[PDB]
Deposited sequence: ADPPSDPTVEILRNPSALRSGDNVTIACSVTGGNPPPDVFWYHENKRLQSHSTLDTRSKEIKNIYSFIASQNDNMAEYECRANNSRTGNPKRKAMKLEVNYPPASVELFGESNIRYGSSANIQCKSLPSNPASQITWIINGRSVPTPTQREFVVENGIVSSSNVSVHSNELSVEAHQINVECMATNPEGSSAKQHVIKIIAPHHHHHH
């Protein structure tokens, strides 16, 4: 027997706000007397957006569209209702974004035979980024990392140890490459350590 025809559709949602994409936020209010003004407030400052009231329904709505940002948007957008001598409802957003860059820490010159410790902290990202190391074009076993929570993101930090004792006496320098990575993206930076006598 025949099955009835197939229908396909794309499902909007569910995804955390990402990087920069066209986000729309709404604030509904049902009318009182006098009809209140409805404003969006980012960082306690009145955003430039219009409020529209349906006369039939008596429902006041305020629609705000913007592109998401890493710099903020891990923070809250508040709505306010105003009647002379104010009803409020805030909203914390979650935006995924890749780590901007990474920072390496350590000597530029190390004595031969001696060992060296290299640190790498990534710039804030969401979610947390995985630090990986590549030494002389060789990926190395990933060290345990410490993740810190900062405003508008998470900072990963990893320590690696390079030993010049394993290297030959004719080893001029050691290339230390650090890399932070999350589902949004990745970023790398390379520090060069010279070997002194």
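Note: segments 1, 87-89, 202-208 of the deposited sequence have no C-alpha coordinates in the structure.
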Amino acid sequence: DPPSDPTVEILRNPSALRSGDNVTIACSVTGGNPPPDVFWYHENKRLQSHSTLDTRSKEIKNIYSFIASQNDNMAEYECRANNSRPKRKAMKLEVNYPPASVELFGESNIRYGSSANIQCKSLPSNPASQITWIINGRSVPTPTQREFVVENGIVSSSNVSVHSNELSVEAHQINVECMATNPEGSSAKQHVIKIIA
From here on, numbers count along this sequence of modelled residues.
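Of the two segments, 65-73 and 166-174, the one listed with the higher mean B-factor is 166-174 (C-alpha atoms only). Mean CA temperature factor is higher for 148-156 when stretches 45-53 and 148-156 are set side by side in the entry. Residues shown: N13, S19, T24, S186. Highest C-alpha temperature factor in the entry: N13.
Across the residues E94, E107, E103, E78, the deposited record lists the maximum Cα B factor for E107. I131 sits in the lowest third of its chain by CA B factor, as recorded in the PDB entry.
The deposited CA B-factor of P99 belongs to the lowest third of values across its chain. Ranked against the other modelled residues of its chain, the C-alpha B-factor of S122 as given in the entry falls in the lowest third.
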